[PDB]
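The structure under discussion appears below in the form of C-alpha cells.
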Amino acid sequence: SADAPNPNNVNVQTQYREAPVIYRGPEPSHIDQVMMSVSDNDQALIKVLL
Amino acid sequence: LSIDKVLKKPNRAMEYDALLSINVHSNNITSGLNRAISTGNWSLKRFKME
Amino acid sequence: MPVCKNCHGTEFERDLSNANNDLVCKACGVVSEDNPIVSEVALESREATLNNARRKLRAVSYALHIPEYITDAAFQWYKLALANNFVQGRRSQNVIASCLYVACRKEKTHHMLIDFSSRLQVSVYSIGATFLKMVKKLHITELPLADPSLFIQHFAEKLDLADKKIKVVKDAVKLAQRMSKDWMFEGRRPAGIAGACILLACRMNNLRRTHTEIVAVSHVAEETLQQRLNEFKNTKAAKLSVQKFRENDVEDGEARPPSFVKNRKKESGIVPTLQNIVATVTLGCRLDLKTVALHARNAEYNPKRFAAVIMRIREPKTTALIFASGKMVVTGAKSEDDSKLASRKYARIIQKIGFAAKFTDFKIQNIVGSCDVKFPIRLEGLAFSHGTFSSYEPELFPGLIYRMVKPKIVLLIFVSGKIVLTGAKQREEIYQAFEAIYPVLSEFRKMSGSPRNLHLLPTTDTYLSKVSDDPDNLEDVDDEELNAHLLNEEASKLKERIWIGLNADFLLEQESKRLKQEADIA
Amino acid sequence: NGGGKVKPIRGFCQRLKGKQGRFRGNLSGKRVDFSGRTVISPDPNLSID
DNA sequence: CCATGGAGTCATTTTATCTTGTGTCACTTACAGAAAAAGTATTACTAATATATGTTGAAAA
Ligand SMILES: [Zn+2]
Numbered sequence: 851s852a853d854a855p856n857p858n859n860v861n862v863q864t865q866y867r868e869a870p871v872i873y874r875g876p877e878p879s880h881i882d883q884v885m886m887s888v889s890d891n892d893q894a895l896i897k898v899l900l
Numbered sequence: 401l402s403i404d405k406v407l408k409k410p411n412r413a414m415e416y417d418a419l420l421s422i423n424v425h426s427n428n429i430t431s432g433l434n435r436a437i438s439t440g441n442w443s444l445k446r447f448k449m450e
Numbered sequence: 001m002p003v004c005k006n007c008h009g010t011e012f013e014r015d016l017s018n019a020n021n022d023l024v025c026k027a028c029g030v031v032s033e034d035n036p037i038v039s040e041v072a073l074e075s076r077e078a079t080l081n082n083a084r085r086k087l088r089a090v091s092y093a094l095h096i097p098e099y100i101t102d103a104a105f106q107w108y109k110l111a112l113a114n115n116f117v118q119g120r121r122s123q124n125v126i127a128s129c130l131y132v133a134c135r136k137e138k139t140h141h142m143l144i145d146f147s148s149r150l151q152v153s154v155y156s157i158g159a160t161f162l163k164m165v166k167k168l169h170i171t172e173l174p175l176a177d178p179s180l181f182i183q184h185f186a187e188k189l190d191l192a193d194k195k196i197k198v199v200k201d202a203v204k205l206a207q208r209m210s211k212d213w214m215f216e217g218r219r220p221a222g223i224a225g226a227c228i229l230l231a232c233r234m235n236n237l238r239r240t241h242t243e244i245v246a247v248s249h250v251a252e253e254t255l256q257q258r259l260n261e262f263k264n265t266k267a268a269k270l271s272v273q274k275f276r277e278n279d280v281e282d283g284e285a286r287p288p289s290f291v292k293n294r295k296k297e387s388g389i390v391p392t393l394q395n396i397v398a399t400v401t402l403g404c405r406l407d408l409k410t411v412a413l414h415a416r417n418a419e420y421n422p423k424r425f426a427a428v429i430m431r432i433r434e435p436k437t438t439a440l441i442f443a444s445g446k447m448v449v450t451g452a453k454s455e456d457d458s459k460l461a462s463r464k465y466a467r468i469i470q471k472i473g474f475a476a477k478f479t480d481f482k483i484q485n486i487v488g489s490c491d492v493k494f495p496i497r498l499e500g501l502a503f504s505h506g507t508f509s510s511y512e513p514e515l516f517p518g519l520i521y522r523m524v525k526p527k528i529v530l531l532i533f534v535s536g537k538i539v540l541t542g543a544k545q546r547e548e549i550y551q552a553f554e555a556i557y558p559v560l561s562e563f564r565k566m576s577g578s579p580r581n582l583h584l585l586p587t588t589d590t591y592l593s594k595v596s597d598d599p600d601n602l603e604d605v606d607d608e609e610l611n612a613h614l615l616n617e618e619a620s621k622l623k624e625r626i627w628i629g630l631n632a633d634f635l636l637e638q639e640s641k642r643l644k645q646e647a648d649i650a
Numbered sequence: 342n343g344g345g346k347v348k349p350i351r352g353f354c355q356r357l358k359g360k361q362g363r364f365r366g367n368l369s370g371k372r373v374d375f376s377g378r379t380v381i382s383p384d385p386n387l388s389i390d
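Chains as they are written, first to last, in the deposited numbering: chain G, 851 to 900; chain V, 401 to 450; chain Z, 1 to 41, 72 to 297, 387 to 566, 576 to 650; chain U, 342 to 390.
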C-alpha cells in the first residue's frame, strides 16, 4: 500500500503489516464506548474511549 | 485571473457565465478559513501583518 | 528478520511493559539490541507542469467535493498517461477530466461522466472520446462498472422534503434491481433508469414532483424518461402488480428488450453480411484536380471544405474517391467484383479526359459486415468476462466494443443480437472471429447453432481475379455512360464560372499569400 | 522554495549556539538515564537521610 | 636664521552594531513570453446499431 500502484494485479493484496495499538498504562482500564463512523470524505473512522 | 483564461482565446461565442468555476475557485475562503481558525495564526496579505 | 546469536530463535517479541522497550525472542532471553533509536519533534520541463497538473486537478477536482484521496489517486494516472505521452496533442481539459474519471469509475463512487463532464463547453463526445482513446492505449479493462444504486443517494440529497424519501429509496432499489431483473435496464443511461425508479417510487410516495425537477439531477430529456415510463407500462405485471405491498412479486416473466421488437414490427446458420470494403488505388501521376474535375457529371471540389474531388456513382452503387497526388480511396464496395472493376471505371474518366494515371496500388484497408442472432443477449456479463478483450461503456454508447487481435478486428456487440463487424482485412476473418466468438454468444444466455462449414463462398482473390487486373485495360469496363459521365464544355465553363464565382475569394487570398511570398523580400 | 520565507533555514552554527542543543543545553546539560520523578509527602517515622 | 603656513599625523568623538538574556514539563505542528515538435482534431466518406434531443407536428381527445 505504501508504494506506487499500477493497474496490473492478480490475487494478493493479502499482505498486511499490522500495527494494533497497545494500551500502555500503569493500571487496568475499561472500554464503555466505541464508535464506527465516517467523516465528509467517506473513509472509515473509529474513535473510542477508555 | 480565472475569467482571464476564458477571455484569452475567443473560440466561437464564450459566455456560459464561468460561474460554477467559483466552486473550483471557492473555499480557499472556506476551507482556508477553517485551517486559519484551527491554526491560531492569522496571515493578513493586505497589511502583510501576521 | 534476524535470528538469535545463540538460541537460533527467529520470533521476536518486544516488551514495552516496563518502558525499557527491549526486543527479545521467547527462544533465548537475550535482547539483540539496546535502546532502539527513534525520531523526534522547481525547474523542470515535466515537474513544473506536474505542479500545474495537481494544481488544475486539485482545483477542478474537489469543486465536486470528490474525495481528496481519489484525486491523489488520479494524479498518478495522469503521470501514467504522461509516460505514454498520451498527454501531448489534445486539450488538457479532456485529459485531466478523463484522468479523474477513471479513478472514480475504478472506485465505483457516485458521479456520472455526463454529470462530471459539465464544468465546461464539453459536448461529452469530446471527453468521452478522449477517455475512450486513453483506454485504447491503456490495458485497464473491467473495473469501470456501474449501477444506479450509487446515483440514487446523491440524487435524493437534491430531492429535499423529508426522509420518507429514504424509505422510498429502499422502494426504488427493489424496483431498480427488479428492473435490472426485468431486463430493461440495459442499453440506456444509468441516470435515466435512476430518475425513472425515483419517480415511480415518488408516485408511490403520493407526492407532486416534476420531470423537470428530475432531469435536474438526471440531465436527460423528459420524453427520454417517459419512454422508459411506458417502457415499464408495457411490461408484465406492470399495472397488474403496480398496487401496494411493495411489489411482493419478485418473479421474472420473460426478458424482452424493445430492440428485437422493432424487428417484429419491421417483419452459425445465419451467414454474416458484407457491408462495405475499404480499398485504395494509386494512379501514379499527380495532376490538377480542378481542370480534370471541370468535366464530370459526378464531381465535387471545394478545398475550402475538403481538398480533393468527390467521386460518386450510382453504378455499381459505389463512391471511391480521388486525391491530388494521383491516388484515391475505393469505397462503397460490398464485394471485390464491384470494387476493382469500378476502380477501373474511375480511371476511364481521367485516361479518357485527364492525364495518364494508370491503375496501380489496389489494396484493401477496412472491411465491414453485420449479422443478427435473433435473441436477446447479456452484454454486461461478457464485459464482466471478456472485458479484457471487450469494451462496454454503458450509455457512453450502446454498441459494445470487442477487441481481438487473432484475427485483428473490433467487434460490434448488441443485446438485440444484431452484431456488426469492421476493421477486418479479410473476408475469411468474418467467419473466423465471428463463429469463433459465437460460442461466447450461445455461451452467454439466460432462462442456428451450427457453423456449418468454416469457409464456403470463394475467397477475396477469386473476385479480385474476376476483374481485369491490367491497368492499361480500360475501355473494357467503360459503360459508354462514362462518355456521358462528363458534362459538356459550356457546363464546365459557366458552372465552373459560378463555382469560381464563390471561390475566387478562396483562390484569391491563396494568390494573396503567394504575393506575400514576394513580401518575403522586405 | 515556495517563496514564503518560513524562517527554518539556519541551525548549523546556531545548532551549537543557544537554548536547548549543543552549546550548553544538551552537552554540558546532558539528559540522564536511571532516574524517576514523583511528588512529595512526609514520613517523620522514616529516618533522616 | 627664522616665520608663517601648509601638510601630514595622530588623539578623539560620535556615531551604528550585537550579542545576550534564570532552567523544566505538557503535548506539541521560483517569473513571461518564444520558438519548436508534434500529434491530434477536422475535414471527407460508406456503414450498419439504438439511445438521446428535439421539434414539431400532426394527429388524436
Ligand atoms: Zn535468540
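We treat Cβ as the ideally placed atom computed from N, Cα and C, and that holds for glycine.
| With a Cβ-Cβ cutoff of 8 Å, do residue 439/Z and residue 449/Z count as a contact? | yes
| request: Taking 8 Å as the threshold, find out whether the segment 141 to 152 of chain Z comes into contact with the segment 102 to 121 of chain Z through three or more Cβ pairs. | output: no
| What are the boundary residues of the beta strand (DSSP E) that includes residue 541/Z? | 537 to 541
| request: Might you give, ordered along the chain, the residues of its own chain that have their beta carbon closer than 7 Å to the beta carbon of residue 364/U, omitting 5 neighbours on each side? | output: 357 and 358
| request: Using a Cβ cut-off of 7 Å, pull out every chain Z residue sitting near residue 424/V, in sequence order please. | output: 89, 90 and 93
| Could you give the distance in angstroms between the alpha-carbon of residue 564/Z and the alpha-carbon of residue 516/Z? | 22 Å
| In chain Z, which residues lie with their C-beta within 7 Å of the C-beta of residue 857/G? | 170
| field | For residue 887/G, the first and last residue of its enclosing beta strand (DSSP E) | value | 886 to 888
| task | Within the same chain, show all residues whose beta-carbon is closer than 7 Å to that of residue 895/G, passing over the 5 residues directly before and after it, in chain order. | result | 887, 888 and 889
| field | Boundaries (first-last residue) of the alpha helix (DSSP H) holding residue 244/Z | value | 241 to 248
| request: With distances taken Cα to Cα, identify the nearest neighbour of residue 99/Z among 883/G, 880/G, 892/G and 897/G. | output: 892/G
| message | Between residue 869/G and chain Z, is any beta-carbon pair separated by less than 8 Å? | response | no
| task | Could you name the residues of chain V that residue 123/Z contacts, counting a contact when the two beta carbons are closer than 7 Å? | result | Residues of chain V passing the Cβ test: none, with the nearest at roughly 11 Å.
| Residues of chain V with CB under 7 Å from residue 151/Z, in chain order? | 416
| request: With ligand 1 as the reference, list in chain order each residue whose Cβ lies under 7 Å from any of its heavy atoms. | output: 3/Z, 4/Z, 5/Z, 6/Z, 7/Z, 8/Z, 9/Z, 25/Z, 27/Z, 28/Z and 30/Z
| query | On the three-pair Cβ rule with 8 Å, is the segment 161 to 177 of chain Z touching the segment 106 to 124 of chain Z? | reply | yes
| said: Would residue 184/Z and residue 140/Z qualify as a contact pair, given that the criterion is a beta-carbon distance under 8 Å? | reply: yes
| message | Does chain G have any CB closer than 8 Å to the CB of residue 495/Z? | response | no
| field | Residue nearest to residue 437/Z in terms of C-alpha spacing, selected from 3/Z, 425/Z, 421/Z and 465/Z | value | 465/Z
| request: Please name the residue, chosen from 410/Z, 401/Z, 430/Z and 493/Z, that lies closest to residue 286/Z on a Cα-to-Cα basis. | output: 493/Z
| Those residues which DSSP pairs with residue 13/Z across a bridge | 24/Z
| request: Starting from the C-beta of residue 405/V, find all residues in its chain whose C-beta is less than 7 Å away, skip the five residues before and the five after it, and write them out in chain order. | output: none
| Three-state class that DSSP yields for residue 522/Z in the structure shown | strand
| Sequence-distant residues of its chain with Cβ nearer than 8 Å to residue 526/Z (five each side left out) | 543, 544, 545, 548, 551 and 552
| Which residues in the same chain have their Cβ closer than 6 Å to the Cβ of residue 403/V, if we skip the five residues on either side of it in sequence? | 418
| request: Taking residue 235/Z as part of the beta strand (DSSP E), name the residues at either end of that continuous run. | output: Taken as a continuous stretch (DSSP letters only), residue 235/Z belongs to no beta strand (DSSP E), as it is neither H nor E.
| said: Report the start-end ranges of each alpha helix (DSSP H) in the segment 167 to 221 of chain Z that is 4 residues or longer and not cut off at the edges. | reply: 178 to 186 and 194 to 211
| field | Nearest neighbour of residue 604/Z, chosen from 247/Z, 283/Z and 460/Z [CA to CA] | value | 460/Z
| field | Check whether residue 136/Z and residue 174/Z have beta carbons under 8 Å apart | value | yes
| query | Per DSSP, which one or two residues make a beta bridge with residue 393/Z? | reply | 488/Z
| query | Can you list, in chain order, the residues of the segment 97 to 108 of chain Z whose Cβ is nearer than 9 Å to any Cβ on chain G? | reply | 97, 98, 99, 103, 106 and 107
| query | Using a C-beta cutoff of 8 Å, does residue 175/Z count as contacting chain G? | reply | no
| message | For residue 449/V, list the residues DSSP reports as bridge partners. | response | 444/V
| Can you find a CB in chain Z that lies within less than 8 Å of the CB of residue 420/V? | yes
| query | How many angstroms separate the CA atom of residue 73/Z from the CA atom of residue 81/Z? | reply | 11 Å
| Distance between residue 590/Z and residue 522/Z (C-alpha atoms, nearest Å) | 29 Å
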